[PDB]
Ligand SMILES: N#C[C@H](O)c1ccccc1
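Just the one chain here, the form deposited without the ligand, laid out as structure tokens.
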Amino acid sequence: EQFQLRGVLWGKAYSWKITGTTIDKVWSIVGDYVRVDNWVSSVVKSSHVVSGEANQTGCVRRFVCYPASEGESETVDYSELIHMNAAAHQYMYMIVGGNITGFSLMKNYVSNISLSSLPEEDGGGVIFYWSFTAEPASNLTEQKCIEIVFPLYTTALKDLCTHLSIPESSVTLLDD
């Protein structure tokens, strides 16, 4: 009959419905974790595994981002796959190093991706769930975190469409 308090988290979860595609086609892009450069290609210049085996739980990817502006340098993200279930089209990762703009400011940024198939009778389509959390820290606010993360997720869904060769109208952010 007792308990220990723990700290609270910041974060937010988003869900998109994607039509005119299949969970397999989405996964072939989204699920290739260590090759995120082949997904969010407008932002990420290159990516490769630097610890462990490609796309296996525990592995670490290093990816390089294009400069934010003309004179600036490319920035780098190191992120560890901390859960992977390919059969269930879901995984989870955390940033464990790097100087990637905005994202490297957050304390223990953790992200979850999950894909689901809608019933074929209802027309099919994929539900793309993407969430993040971060630990509260003095140099940020929850709002500032949201302002860092959501525009990238939005860009990523746009880039997904490009790689699927489907129009952007195929993607709808739920509850907007």
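Numbers follow the displayed sequence, beginning with 1.
The protein also exists as the form solved in complex with the ligand; that form is not presented, and the subsequent description refers to it.
Shown alone here, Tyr109 lies within 4.5 Å of the ligand in the bound PDB entry, counting heavy atoms only. Among heavy atoms of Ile29, none comes within 4.5 Å of the ligand in the bound PDB entry. Contact check for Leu140: every heavy atom lies farther than 4.5 Å from the ligand in the bound PDB entry.
Although the partner is absent from this view, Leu152 contacts the ligand in the bound PDB entry, with a non-hydrogen atom inside 4.5 angstroms. Shown here without the ligand, the chain has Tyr93, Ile95, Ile100, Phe103 in 89-104 lying with a heavy atom within 4.5 Å of that partner in the bound PDB entry.
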